[PDB]
$ cat start.cif   # mmCIF, C-alpha atoms
data_work
#
loop_
_atom_site.label_atom_id
_atom_site.label_comp_id
_atom_site.auth_asym_id
_atom_site.auth_seq_id
_atom_site.Cartn_x
_atom_site.Cartn_y
_atom_site.Cartn_z
CA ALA X 1 -15.59 -3.72 -20.25
CA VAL X 2 -12.93 -2.82 -17.68
CA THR X 3 -9.55 -3.87 -19.13
CA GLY X 4 -6.54 -3.54 -16.83
CA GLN X 5 -2.81 -4.33 -16.51
CA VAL X 6 -0.98 -6.79 -14.21
CA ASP X 7 2.79 -6.41 -14.20
CA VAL X 8 4.53 -9.79 -13.87
CA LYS X 9 8.07 -9.90 -12.48
CA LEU X 10 10.89 -12.30 -11.58
CA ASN X 11 14.44 -11.38 -10.53
CA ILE X 12 16.74 -14.17 -11.65
CA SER X 13 20.03 -13.47 -9.80
CA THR X 14 20.75 -15.32 -6.49
CA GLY X 15 17.84 -17.01 -4.69
CA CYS X 16 16.86 -19.45 -1.95
CA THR X 17 15.19 -22.88 -2.44
CA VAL X 18 12.95 -25.09 -0.27
CA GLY X 19 13.76 -28.82 -0.04
CA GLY X 20 11.49 -31.62 1.19
CA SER X 21 8.67 -30.75 -1.19
CA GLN X 22 7.15 -32.72 -4.06
CA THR X 23 5.49 -31.03 -7.01
CA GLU X 24 1.79 -31.98 -6.81
CA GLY X 25 0.84 -31.02 -10.36
CA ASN X 26 1.69 -27.29 -10.42
CA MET X 27 1.58 -26.74 -6.64
CA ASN X 28 4.46 -27.57 -4.24
CA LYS X 29 3.34 -30.30 -1.78
CA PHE X 30 5.35 -29.43 1.34
CA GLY X 31 4.14 -32.08 3.76
CA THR X 32 1.58 -33.51 6.14
CA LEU X 33 0.54 -32.60 9.69
CA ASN X 34 -0.77 -35.98 10.82
CA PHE X 35 -2.30 -35.87 14.31
CA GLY X 36 -3.23 -39.54 14.00
CA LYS X 37 -6.34 -41.33 15.24
CA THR X 38 -8.48 -40.04 18.12
CA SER X 39 -11.78 -40.54 19.95
CA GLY X 40 -14.76 -38.19 20.02
CA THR X 41 -13.57 -36.46 23.19
CA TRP X 42 -9.80 -36.27 23.83
CA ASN X 43 -8.42 -34.90 27.14
CA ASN X 44 -4.80 -34.69 26.03
CA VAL X 45 -3.63 -31.96 23.61
CA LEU X 46 -3.25 -33.82 20.28
CA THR X 47 0.18 -32.97 18.90
CA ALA X 48 2.14 -33.94 15.74
CA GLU X 49 4.93 -32.52 13.58
CA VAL X 50 4.93 -31.84 9.86
CA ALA X 51 6.32 -34.70 7.75
CA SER X 52 7.81 -33.52 4.42
CA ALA X 53 6.21 -35.24 1.40
CA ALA X 54 9.60 -35.83 -0.28
CA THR X 55 11.67 -37.37 2.53
CA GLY X 56 9.37 -37.93 5.50
CA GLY X 57 11.38 -35.72 7.86
CA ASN X 58 11.25 -31.95 8.38
CA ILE X 59 11.14 -29.46 5.50
CA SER X 60 14.79 -28.57 4.80
CA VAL X 61 15.20 -25.10 3.32
CA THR X 62 18.64 -24.35 1.89
CA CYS X 63 19.77 -21.08 0.28
CA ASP X 64 21.80 -21.05 -2.96
CA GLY X 65 24.46 -18.61 -1.76
CA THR X 66 27.65 -18.26 0.26
CA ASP X 67 26.93 -15.44 2.73
CA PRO X 68 24.17 -15.98 5.29
CA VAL X 69 20.65 -15.22 4.02
CA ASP X 70 17.71 -14.21 6.22
CA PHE X 71 14.54 -15.79 4.78
CA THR X 72 11.05 -15.69 6.19
CA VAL X 73 8.33 -18.29 6.70
CA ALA X 74 4.59 -17.52 6.65
CA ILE X 75 1.69 -19.95 7.03
CA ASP X 76 -1.90 -18.99 6.18
CA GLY X 77 -5.19 -19.82 8.01
CA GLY X 78 -6.17 -22.96 6.08
CA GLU X 79 -9.05 -23.57 3.69
CA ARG X 80 -11.59 -21.63 5.75
CA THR X 81 -9.06 -19.02 7.08
CA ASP X 82 -9.59 -19.89 10.80
CA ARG X 83 -7.37 -23.01 11.13
CA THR X 84 -10.19 -25.56 11.41
CA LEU X 85 -10.09 -29.07 10.02
CA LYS X 86 -13.36 -30.04 8.35
CA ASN X 87 -14.96 -33.45 8.26
CA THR X 88 -14.99 -34.81 4.71
CA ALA X 89 -18.75 -35.57 4.89
CA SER X 90 -20.40 -33.63 7.75
CA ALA X 91 -19.88 -29.95 8.67
CA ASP X 92 -18.10 -30.55 12.00
CA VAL X 93 -14.90 -28.53 12.53
CA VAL X 94 -11.75 -29.12 14.61
CA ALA X 95 -9.83 -25.97 15.61
CA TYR X 96 -6.00 -26.28 15.58
CA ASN X 97 -2.83 -24.14 15.34
CA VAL X 98 0.74 -24.47 14.10
CA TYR X 99 3.66 -23.39 16.31
CA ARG X 100 7.34 -22.96 15.48
CA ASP X 101 9.07 -24.10 18.67
CA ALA X 102 8.93 -27.52 20.39
CA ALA X 103 7.05 -26.15 23.44
CA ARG X 104 3.97 -24.88 21.47
CA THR X 105 4.74 -21.24 22.45
CA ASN X 106 5.97 -19.34 19.37
CA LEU X 107 2.85 -19.41 17.21
CA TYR X 108 3.00 -19.07 13.42
CA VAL X 109 0.59 -16.14 13.40
CA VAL X 110 -1.79 -16.06 10.39
CA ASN X 111 -0.18 -14.39 7.33
CA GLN X 112 2.96 -13.40 9.25
CA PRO X 113 6.63 -13.75 8.21
CA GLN X 114 8.19 -15.69 11.08
CA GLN X 115 11.96 -14.88 10.51
CA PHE X 116 14.62 -17.56 9.84
CA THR X 117 18.39 -17.80 9.25
CA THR X 118 20.32 -19.95 6.83
CA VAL X 119 24.10 -20.33 6.70
CA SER X 120 26.98 -21.44 4.46
CA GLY X 121 26.60 -24.92 2.91
CA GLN X 122 23.69 -25.95 5.11
CA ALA X 123 20.00 -26.83 5.01
CA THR X 124 17.90 -25.29 7.81
CA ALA X 125 14.80 -27.18 8.97
CA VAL X 126 11.37 -25.52 9.17
CA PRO X 127 9.65 -26.91 12.24
CA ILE X 128 5.90 -26.66 11.78
CA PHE X 129 4.66 -28.07 15.08
CA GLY X 130 0.93 -28.76 15.14
CA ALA X 131 -1.19 -28.63 18.28
CA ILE X 132 -4.89 -29.22 19.01
CA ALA X 133 -6.72 -28.11 22.18
CA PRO X 134 -8.27 -30.69 24.51
CA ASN X 135 -11.90 -31.17 23.47
CA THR X 136 -13.72 -32.31 26.61
CA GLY X 137 -17.11 -30.89 25.68
CA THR X 138 -18.86 -32.26 22.60
CA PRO X 139 -17.82 -35.43 20.72
CA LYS X 140 -17.15 -34.54 17.05
CA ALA X 141 -18.66 -36.92 14.47
CA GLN X 142 -16.71 -39.98 13.24
CA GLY X 143 -14.70 -39.79 10.02
CA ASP X 144 -11.65 -38.00 8.63
CA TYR X 145 -10.97 -34.30 9.31
CA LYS X 146 -8.75 -32.39 6.85
CA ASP X 147 -7.24 -28.99 6.03
CA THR X 148 -4.65 -27.71 3.59
CA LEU X 149 -2.42 -25.04 5.09
CA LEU X 150 -0.48 -23.08 2.47
CA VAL X 151 3.06 -22.48 3.77
CA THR X 152 4.66 -19.42 2.13
CA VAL X 153 8.46 -19.34 2.13
CA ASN X 154 9.14 -15.78 0.99
CA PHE X 155 12.07 -13.44 0.83
CA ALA S 1 -8.22 5.92 -49.93
CA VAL S 2 -10.37 3.40 -48.05
CA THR S 3 -12.55 5.38 -45.62
CA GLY S 4 -14.67 3.33 -43.20
CA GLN S 5 -16.99 3.59 -40.16
CA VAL S 6 -16.47 2.43 -36.54
CA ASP S 7 -19.59 2.57 -34.40
CA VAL S 8 -18.77 3.57 -30.81
CA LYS S 9 -21.17 2.58 -28.04
CA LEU S 10 -21.70 2.79 -24.27
CA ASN S 11 -24.80 1.75 -22.32
CA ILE S 12 -25.02 3.94 -19.24
CA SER S 13 -27.67 2.21 -17.06
CA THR S 14 -26.51 -0.18 -14.26
CA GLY S 15 -22.92 -1.48 -14.35
CA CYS S 16 -20.19 -3.26 -12.40
CA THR S 17 -16.87 -1.72 -11.22
CA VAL S 18 -13.41 -3.14 -10.42
CA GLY S 19 -11.68 -1.99 -7.20
CA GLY S 20 -8.00 -2.33 -6.30
CA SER S 21 -6.78 -0.62 -9.47
CA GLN S 22 -4.89 2.64 -9.94
CA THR S 23 -5.17 4.68 -13.13
CA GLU S 24 -1.72 4.55 -14.75
CA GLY S 25 -2.19 7.46 -17.15
CA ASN S 26 -5.16 6.27 -19.24
CA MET S 27 -4.78 2.54 -18.52
CA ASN S 28 -6.05 0.80 -15.34
CA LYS S 29 -3.08 -0.62 -13.36
CA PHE S 30 -4.62 -3.69 -11.72
CA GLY S 31 -1.64 -5.11 -9.86
CA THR S 32 1.62 -7.02 -9.75
CA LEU S 33 2.46 -10.74 -9.93
CA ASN S 34 5.74 -10.70 -8.04
CA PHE S 35 7.45 -14.11 -8.00
CA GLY S 36 10.38 -12.60 -6.11
CA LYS S 37 14.08 -13.36 -6.45
CA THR S 38 15.42 -16.66 -7.82
CA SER S 39 18.57 -18.44 -9.00
CA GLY S 40 19.41 -19.55 -12.54
CA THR S 41 17.97 -23.03 -11.99
CA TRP S 42 15.07 -23.42 -9.52
CA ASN S 43 13.74 -26.88 -8.56
CA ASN S 44 10.64 -25.65 -6.75
CA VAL S 45 7.64 -24.27 -8.67
CA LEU S 46 7.93 -20.47 -8.17
CA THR S 47 4.54 -19.23 -7.01
CA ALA S 48 3.10 -15.80 -6.07
CA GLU S 49 -0.29 -14.07 -5.97
CA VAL S 50 -1.35 -10.83 -7.61
CA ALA S 51 -1.00 -7.75 -5.38
CA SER S 52 -3.45 -4.95 -6.30
CA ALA S 53 -1.68 -1.64 -7.06
CA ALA S 54 -4.19 0.38 -5.01
CA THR S 55 -4.35 -1.55 -1.73
CA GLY S 56 -1.72 -4.30 -1.87
CA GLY S 57 -4.23 -7.13 -1.40
CA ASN S 58 -6.37 -8.94 -3.96
CA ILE S 59 -8.33 -7.14 -6.69
CA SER S 60 -11.79 -6.52 -5.20
CA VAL S 61 -14.51 -6.33 -7.85
CA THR S 62 -17.86 -5.00 -6.62
CA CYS S 63 -21.03 -4.52 -8.67
CA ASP S 64 -23.39 -1.56 -8.44
CA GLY S 65 -26.93 -2.84 -7.83
CA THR S 66 -29.25 -5.07 -5.80
CA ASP S 67 -29.46 -8.35 -7.74
CA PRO S 68 -26.44 -10.68 -7.80
CA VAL S 69 -24.71 -10.00 -11.15
CA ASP S 70 -22.68 -12.66 -12.98
CA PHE S 71 -19.53 -11.00 -14.35
CA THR S 72 -16.67 -12.61 -16.20
CA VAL S 73 -12.89 -12.38 -15.96
CA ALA S 74 -10.51 -12.88 -18.90
CA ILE S 75 -6.72 -12.60 -18.93
CA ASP S 76 -4.71 -12.40 -22.16
CA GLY S 77 -1.36 -14.06 -23.10
CA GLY S 78 1.00 -11.23 -22.12
CA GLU S 79 3.18 -9.00 -24.29
CA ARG S 80 4.28 -11.79 -26.62
CA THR S 81 0.95 -13.76 -26.43
CA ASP S 82 2.54 -16.97 -24.99
CA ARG S 83 2.82 -16.02 -21.27
CA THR S 84 6.61 -15.60 -21.19
CA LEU S 85 8.47 -13.06 -19.10
CA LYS S 86 11.29 -11.41 -21.03
CA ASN S 87 14.61 -10.24 -19.68
CA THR S 88 14.87 -6.45 -19.87
CA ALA S 89 18.26 -6.64 -21.67
CA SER S 90 18.80 -10.11 -23.19
CA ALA S 91 16.29 -12.22 -25.16
CA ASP S 92 15.86 -14.98 -22.55
CA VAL S 93 12.25 -15.95 -21.76
CA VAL S 94 10.56 -17.45 -18.69
CA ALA S 95 7.31 -19.34 -19.35
CA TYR S 96 4.56 -18.93 -16.70
CA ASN S 97 0.77 -19.22 -16.25
CA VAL S 98 -1.97 -17.68 -14.13
CA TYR S 99 -4.50 -19.91 -12.33
CA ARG S 100 -7.73 -19.01 -10.55
CA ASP S 101 -7.81 -21.47 -7.64
CA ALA S 102 -5.28 -21.88 -4.79
CA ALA S 103 -4.17 -25.35 -5.99
CA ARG S 104 -2.93 -24.19 -9.47
CA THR S 105 -5.61 -26.31 -11.22
CA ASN S 106 -8.26 -24.01 -12.75
CA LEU S 107 -6.19 -22.20 -15.36
CA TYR S 108 -7.16 -18.77 -16.70
CA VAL S 109 -7.14 -19.96 -20.30
CA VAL S 110 -5.88 -17.35 -22.82
CA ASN S 111 -8.68 -14.96 -23.93
CA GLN S 112 -11.37 -16.86 -22.02
CA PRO S 113 -14.13 -15.50 -19.75
CA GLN S 114 -13.64 -17.38 -16.50
CA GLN S 115 -17.13 -16.86 -14.84
CA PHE S 116 -17.62 -15.09 -11.46
CA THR S 117 -20.46 -14.18 -9.07
CA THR S 118 -21.07 -10.98 -7.10
CA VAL S 119 -23.81 -9.99 -4.62
CA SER S 120 -25.06 -6.57 -3.50
CA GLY S 121 -23.22 -4.77 -0.67
CA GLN S 122 -20.15 -6.98 -1.06
CA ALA S 123 -16.86 -6.98 -2.98
CA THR S 124 -15.70 -10.26 -4.58
CA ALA S 125 -11.95 -10.90 -4.86
CA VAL S 126 -10.31 -11.92 -8.16
CA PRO S 127 -7.61 -14.43 -7.32
CA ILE S 128 -4.97 -14.37 -10.03
CA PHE S 129 -2.58 -17.05 -8.80
CA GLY S 130 0.72 -17.14 -10.68
CA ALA S 131 2.80 -20.27 -11.13
CA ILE S 132 6.12 -21.02 -12.85
CA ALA S 133 7.38 -24.50 -13.80
CA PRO S 134 10.57 -25.89 -12.25
CA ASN S 135 13.47 -25.02 -14.55
CA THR S 136 16.11 -27.69 -13.93
CA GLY S 137 17.66 -27.57 -17.38
CA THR S 138 19.33 -24.34 -18.51
CA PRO S 139 20.17 -21.40 -16.21
CA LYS S 140 18.47 -18.24 -17.56
CA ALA S 141 20.66 -15.10 -17.66
CA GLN S 142 20.85 -12.74 -14.66
CA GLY S 143 18.64 -9.65 -14.51
CA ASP S 144 14.96 -8.75 -14.26
CA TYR S 145 12.27 -10.64 -16.21
CA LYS S 146 8.95 -8.85 -16.90
CA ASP S 147 5.55 -9.15 -18.59
CA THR S 148 2.35 -7.13 -18.60
CA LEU S 149 -0.75 -9.30 -18.58
CA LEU S 150 -3.90 -7.40 -19.54
CA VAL S 151 -6.76 -8.56 -17.30
CA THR S 152 -10.16 -7.98 -18.94
CA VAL S 153 -13.12 -7.73 -16.57
CA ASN S 154 -16.05 -7.86 -19.00
CA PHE S 155 -19.76 -8.32 -18.82
#
$ encode --input "start.cif" --output "structure tokens"
Amino acid sequence: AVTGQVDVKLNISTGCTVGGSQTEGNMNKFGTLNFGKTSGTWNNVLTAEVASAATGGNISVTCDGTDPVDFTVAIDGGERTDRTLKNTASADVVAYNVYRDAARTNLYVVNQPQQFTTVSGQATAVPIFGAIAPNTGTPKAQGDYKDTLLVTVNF
Amino acid sequence: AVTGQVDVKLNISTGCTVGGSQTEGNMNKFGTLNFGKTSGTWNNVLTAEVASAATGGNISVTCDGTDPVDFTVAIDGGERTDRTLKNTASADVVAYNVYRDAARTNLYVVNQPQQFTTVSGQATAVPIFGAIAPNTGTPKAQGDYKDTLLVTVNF
């Protein structure tokens, strides 16, 4: 019998809120990274942007304050922690990655707070640009591949 | 004068130990559930994970032996027994809950042994995922809200 304590805390004072999300039960549904349909072996880098579940556009984070606030954005490694989509039925995997800029260069490194700014009376967008490498080796099995990345807007 | 007996017992043989805790005086400090800063009325479900007081990551329970032991995890209802954080100065309360899975579905029911597995030469993590409902009604007073959940790793 090892009984222990867990201090719970919350500082209600002046915070920042994330728009574009829908409450899926008790977990915020931020959006979808839909690469679309594809064949077994694709030569072009498959690339799609996150579509917020609430509006359809990009996640719009706004801060409830007057002065500028510097908030951070961190995305985790997915269900299996290595950013791989898994086929619903078979065990095939599809490696992918999420970048922050339009040219697939600034990668959202696993469990890292990619910095962000937010200004007076405005909603800043959180671009989560997906990208998949060209698979010109083995044709992955037919079906639907999925993953649930947990995006962590933290301060 | 009602004098009575209390039998004390301890079976020293082959037990299981919880890592990630720090001994706060004579009580094991397991960790912190830090939801962060927030405004009076938040529309998004505030959500944070427990951070072990010893390492900063998740509580890592390991057992001492060779056969996989099945240990249980039970969390209580907090200081007031209804999972509410209380403002340090005023009497305002903030209802919350702790779940076991990443999607806020498998709730750690009050005083219930949520089952767990553990194999030899490995440490299993105890995910205590916090979650707070969207308060879009009354703005709670400014300040710090706290609670001390007692996590009970028992066999």
$ calpha_fit_and_write --input "start.cif" --fixed "chain X" --moving "chain S" --output "compact mmCIF listing (two decimals) with C-alpha atoms, keeping the file's coordinate frame"
# COMPACT_ATOMS: atom_id res chain seq x y z
CA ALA S 1 -15.55 -3.72 -20.26
CA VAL S 2 -12.89 -2.83 -17.69
CA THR S 3 -9.52 -3.88 -19.14
CA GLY S 4 -6.51 -3.55 -16.83
CA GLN S 5 -2.77 -4.34 -16.51
CA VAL S 6 -0.95 -6.79 -14.19
CA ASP S 7 2.82 -6.41 -14.18
CA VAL S 8 4.56 -9.79 -13.85
CA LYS S 9 8.09 -9.90 -12.46
CA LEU S 10 10.92 -12.30 -11.56
CA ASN S 11 14.46 -11.38 -10.50
CA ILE S 12 16.76 -14.18 -11.61
CA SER S 13 20.05 -13.46 -9.76
CA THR S 14 20.77 -15.31 -6.45
CA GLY S 15 17.86 -17.01 -4.65
CA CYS S 16 16.88 -19.45 -1.91
CA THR S 17 15.21 -22.88 -2.41
CA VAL S 18 12.96 -25.09 -0.24
CA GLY S 19 13.78 -28.82 -0.01
CA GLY S 20 11.51 -31.62 1.22
CA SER S 21 8.68 -30.74 -1.17
CA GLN S 22 7.17 -32.73 -4.03
CA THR S 23 5.51 -31.03 -6.99
CA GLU S 24 1.82 -31.98 -6.79
CA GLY S 25 0.87 -31.02 -10.35
CA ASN S 26 1.72 -27.30 -10.40
CA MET S 27 1.61 -26.73 -6.63
CA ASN S 28 4.48 -27.57 -4.22
CA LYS S 29 3.36 -30.30 -1.76
CA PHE S 30 5.35 -29.43 1.36
CA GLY S 31 4.15 -32.08 3.78
CA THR S 32 1.58 -33.51 6.15
CA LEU S 33 0.54 -32.60 9.71
CA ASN S 34 -0.76 -35.98 10.83
CA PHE S 35 -2.30 -35.87 14.32
CA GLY S 36 -3.23 -39.54 14.00
CA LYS S 37 -6.34 -41.33 15.24
CA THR S 38 -8.49 -40.04 18.12
CA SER S 39 -11.79 -40.54 19.94
CA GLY S 40 -14.78 -38.19 20.01
CA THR S 41 -13.58 -36.46 23.18
CA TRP S 42 -9.82 -36.26 23.83
CA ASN S 43 -8.44 -34.90 27.14
CA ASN S 44 -4.82 -34.68 26.03
CA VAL S 45 -3.64 -31.96 23.63
CA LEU S 46 -3.26 -33.82 20.29
CA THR S 47 0.17 -32.97 18.91
CA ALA S 48 2.13 -33.94 15.76
CA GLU S 49 4.92 -32.51 13.60
CA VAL S 50 4.93 -31.84 9.88
CA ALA S 51 6.32 -34.70 7.77
CA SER S 52 7.82 -33.52 4.44
CA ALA S 53 6.23 -35.24 1.42
CA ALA S 54 9.61 -35.83 -0.25
CA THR S 55 11.68 -37.36 2.56
CA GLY S 56 9.37 -37.93 5.53
CA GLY S 57 11.38 -35.71 7.89
CA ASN S 58 11.25 -31.95 8.41
CA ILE S 59 11.15 -29.45 5.53
CA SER S 60 14.79 -28.57 4.83
CA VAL S 61 15.20 -25.09 3.36
CA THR S 62 18.65 -24.35 1.93
CA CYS S 63 19.81 -21.11 0.30
CA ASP S 64 21.99 -20.85 -2.80
CA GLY S 65 24.99 -18.63 -2.01
CA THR S 66 27.90 -17.84 0.31
CA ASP S 67 26.57 -15.20 2.73
CA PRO S 68 24.04 -16.21 5.40
CA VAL S 69 20.63 -15.17 4.01
CA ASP S 70 17.71 -14.21 6.26
CA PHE S 71 14.55 -15.78 4.81
CA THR S 72 11.05 -15.69 6.22
CA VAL S 73 8.33 -18.28 6.73
CA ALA S 74 4.59 -17.52 6.67
CA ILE S 75 1.69 -19.94 7.05
CA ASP S 76 -1.90 -18.99 6.19
CA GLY S 77 -5.19 -19.82 8.01
CA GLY S 78 -6.16 -22.96 6.08
CA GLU S 79 -9.05 -23.57 3.69
CA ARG S 80 -11.59 -21.64 5.75
CA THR S 81 -9.06 -19.02 7.08
CA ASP S 82 -9.60 -19.89 10.80
CA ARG S 83 -7.37 -23.01 11.13
CA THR S 84 -10.19 -25.56 11.41
CA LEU S 85 -10.09 -29.07 10.02
CA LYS S 86 -13.36 -30.04 8.35
CA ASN S 87 -14.95 -33.46 8.25
CA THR S 88 -14.99 -34.81 4.69
CA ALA S 89 -18.75 -35.58 4.88
CA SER S 90 -20.39 -33.64 7.73
CA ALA S 91 -19.89 -29.96 8.66
CA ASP S 92 -18.10 -30.56 11.98
CA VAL S 93 -14.90 -28.54 12.52
CA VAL S 94 -11.76 -29.12 14.60
CA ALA S 95 -9.84 -25.98 15.60
CA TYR S 96 -6.01 -26.28 15.59
CA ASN S 97 -2.84 -24.15 15.35
CA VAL S 98 0.73 -24.48 14.11
CA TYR S 99 3.65 -23.39 16.33
CA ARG S 100 7.33 -22.96 15.50
CA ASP S 101 9.06 -24.09 18.70
CA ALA S 102 8.91 -27.52 20.41
CA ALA S 103 7.03 -26.14 23.46
CA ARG S 104 3.95 -24.88 21.50
CA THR S 105 4.72 -21.24 22.47
CA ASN S 106 5.95 -19.33 19.39
CA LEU S 107 2.84 -19.41 17.23
CA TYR S 108 2.98 -19.07 13.44
CA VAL S 109 0.58 -16.14 13.42
CA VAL S 110 -1.80 -16.07 10.40
CA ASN S 111 -0.18 -14.39 7.34
CA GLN S 112 2.96 -13.40 9.26
CA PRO S 113 6.62 -13.76 8.23
CA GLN S 114 8.18 -15.69 11.10
CA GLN S 115 11.95 -14.87 10.54
CA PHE S 116 14.62 -17.56 9.87
CA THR S 117 18.39 -17.80 9.29
CA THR S 118 20.36 -19.93 6.82
CA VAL S 119 24.11 -20.32 6.21
CA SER S 120 26.04 -21.53 3.15
CA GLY S 121 26.57 -25.28 2.68
CA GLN S 122 23.81 -26.14 5.14
CA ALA S 123 20.06 -26.83 5.10
CA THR S 124 17.90 -25.28 7.85
CA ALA S 125 14.80 -27.18 9.00
CA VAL S 126 11.36 -25.52 9.20
CA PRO S 127 9.64 -26.90 12.26
CA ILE S 128 5.89 -26.66 11.80
CA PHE S 129 4.65 -28.06 15.10
CA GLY S 130 0.91 -28.76 15.16
CA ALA S 131 -1.21 -28.63 18.29
CA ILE S 132 -4.90 -29.22 19.02
CA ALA S 133 -6.74 -28.11 22.18
CA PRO S 134 -8.30 -30.69 24.51
CA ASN S 135 -11.92 -31.18 23.47
CA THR S 136 -13.75 -32.32 26.61
CA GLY S 137 -17.13 -30.89 25.67
CA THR S 138 -18.89 -32.27 22.58
CA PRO S 139 -17.84 -35.43 20.71
CA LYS S 140 -17.16 -34.54 17.04
CA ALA S 141 -18.67 -36.92 14.45
CA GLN S 142 -16.72 -39.98 13.23
CA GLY S 143 -14.70 -39.79 10.01
CA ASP S 144 -11.65 -38.00 8.62
CA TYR S 145 -10.98 -34.31 9.31
CA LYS S 146 -8.74 -32.39 6.86
CA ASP S 147 -7.23 -28.99 6.03
CA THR S 148 -4.64 -27.71 3.59
CA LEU S 149 -2.41 -25.04 5.10
CA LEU S 150 -0.47 -23.08 2.48
CA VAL S 151 3.06 -22.48 3.78
CA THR S 152 4.67 -19.42 2.15
CA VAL S 153 8.47 -19.34 2.15
CA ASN S 154 9.15 -15.77 1.01
CA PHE S 155 12.07 -13.44 0.86
$ closest_atom_pairs --input "start.cif" --of "chain S" --to "chain X" --cutoff "8 Å" --atoms "all atoms listed in the file" --output "Markdown table"
| residue | atom | partner | partner_atom | distance |
| --- | --- | --- | --- | --- |
| S:17 | CA | X:2 | CA | 7.6 |
| S:18 | CA | X:2 | CA | 7.3 |
| S:21 | CA | X:4 | CA | 7.9 |
| S:27 | CA | X:4 | CA | 6.6 |
| S:28 | CA | X:4 | CA | 4.6 |
| S:29 | CA | X:5 | CA | 4.9 |
| S:30 | CA | X:5 | CA | 5.2 |
| S:31 | CA | X:6 | CA | 4.7 |
| S:32 | CA | X:7 | CA | 4.6 |
| S:33 | CA | X:8 | CA | 4.6 |
| S:34 | CA | X:9 | CA | 5.1 |
| S:35 | CA | X:10 | CA | 5.3 |
| S:36 | CA | X:10 | CA | 5.5 |
| S:37 | CA | X:11 | CA | 4.5 |
| S:38 | CA | X:15 | CA | 4.0 |
| S:39 | CA | X:14 | CA | 4.6 |
| S:40 | CA | X:12 | CA | 6.1 |
| S:42 | CA | X:17 | CA | 7.1 |
| S:43 | CA | X:17 | CA | 7.5 |
| S:44 | CA | X:17 | CA | 6.9 |
| S:45 | CA | X:28 | CA | 6.4 |
| S:50 | CA | X:6 | CA | 7.7 |
| S:85 | CA | X:8 | CA | 7.3 |
| S:103 | CA | X:27 | CA | 6.0 |
| S:104 | CA | X:26 | CA | 5.6 |
| S:105 | CA | X:26 | CA | 7.4 |
| S:131 | CA | X:26 | CA | 7.1 |
| S:133 | CA | X:26 | CA | 7.2 |
| S:140 | CA | X:12 | CA | 7.4 |
| S:141 | CA | X:12 | CA | 7.2 |
| S:142 | CA | X:13 | CA | 5.0 |
| S:143 | CA | X:12 | CA | 5.7 |
| S:144 | CA | X:11 | CA | 4.6 |
| S:145 | CA | X:10 | CA | 5.1 |
| S:146 | CA | X:9 | CA | 4.6 |
| S:147 | CA | X:8 | CA | 4.9 |
| S:148 | CA | X:7 | CA | 4.5 |
| S:149 | CA | X:6 | CA | 5.0 |
| S:150 | CA | X:5 | CA | 4.4 |
| S:151 | CA | X:4 | CA | 5.0 |
| S:152 | CA | X:3 | CA | 4.2 |
| S:153 | CA | X:2 | CA | 5.0 |
| S:154 | CA | X:1 | CA | 4.3 |
| S:155 | CA | X:1 | CA | 6.4 |
$ write_last_selection --input "start.cif" --atoms "C-alpha atoms" --output "compact mmCIF listing (two decimals), in the coordinates of the input"
# COMPACT_ATOMS: atom_id res chain seq x y z
CA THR S 17 -16.87 -1.72 -11.22
CA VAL S 18 -13.41 -3.14 -10.42
CA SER S 21 -6.78 -0.62 -9.47
CA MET S 27 -4.78 2.54 -18.52
CA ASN S 28 -6.05 0.80 -15.34
CA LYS S 29 -3.08 -0.62 -13.36
CA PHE S 30 -4.62 -3.69 -11.72
CA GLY S 31 -1.64 -5.11 -9.86
CA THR S 32 1.62 -7.02 -9.75
CA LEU S 33 2.46 -10.74 -9.93
CA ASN S 34 5.74 -10.70 -8.04
CA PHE S 35 7.45 -14.11 -8.00
CA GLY S 36 10.38 -12.60 -6.11
CA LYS S 37 14.08 -13.36 -6.45
CA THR S 38 15.42 -16.66 -7.82
CA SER S 39 18.57 -18.44 -9.00
CA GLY S 40 19.41 -19.55 -12.54
CA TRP S 42 15.07 -23.42 -9.52
CA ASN S 43 13.74 -26.88 -8.56
CA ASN S 44 10.64 -25.65 -6.75
CA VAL S 45 7.64 -24.27 -8.67
CA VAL S 50 -1.35 -10.83 -7.61
CA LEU S 85 8.47 -13.06 -19.10
CA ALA S 103 -4.17 -25.35 -5.99
CA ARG S 104 -2.93 -24.19 -9.47
CA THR S 105 -5.61 -26.31 -11.22
CA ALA S 131 2.80 -20.27 -11.13
CA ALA S 133 7.38 -24.50 -13.80
CA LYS S 140 18.47 -18.24 -17.56
CA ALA S 141 20.66 -15.10 -17.66
CA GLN S 142 20.85 -12.74 -14.66
CA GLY S 143 18.64 -9.65 -14.51
CA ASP S 144 14.96 -8.75 -14.26
CA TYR S 145 12.27 -10.64 -16.21
CA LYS S 146 8.95 -8.85 -16.90
CA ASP S 147 5.55 -9.15 -18.59
CA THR S 148 2.35 -7.13 -18.60
CA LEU S 149 -0.75 -9.30 -18.58
CA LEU S 150 -3.90 -7.40 -19.54
CA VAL S 151 -6.76 -8.56 -17.30
CA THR S 152 -10.16 -7.98 -18.94
CA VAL S 153 -13.12 -7.73 -16.57
CA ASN S 154 -16.05 -7.86 -19.00
CA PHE S 155 -19.76 -8.32 -18.82
$ atom_distance --input "start.cif" --atom1 "CA of residue 55 in chain X" --atom2 "CA of residue 88 in chain X"
26.9 Å
$ axis_aligned_box --input "start.cif" --around "range 26-41 of chain X" --padding-each-side "5 Å" --output "AutoDock Vina command-line options"
--center_x -4.7 --center_y -34.0 --center_z 6.4 --size_x 30.1 --size_y 24.6 --size_z 43.6
$ closest_residue --input "start.cif" --among "X:90, X:60, X:138, X:72" --to "residue 111 in chain X" --atoms "all atoms listed in the file"
X:72
$ residues_around --input "start.cif" --residues "residue 81 in chain S" --least-positions-apart "4" --cutoff "10 Å" --atoms "only C-alpha atoms" --output "count of residues only"
4
$ resolve_selection --input "start.cif" --expression "the PyMOL selection byres ((chain S and resi 125) around 12)" --output "MDAnalysis selection string"
chainID S and resid 18:20 50:52 57:63 73 100:101 116:119 122:124 126:129
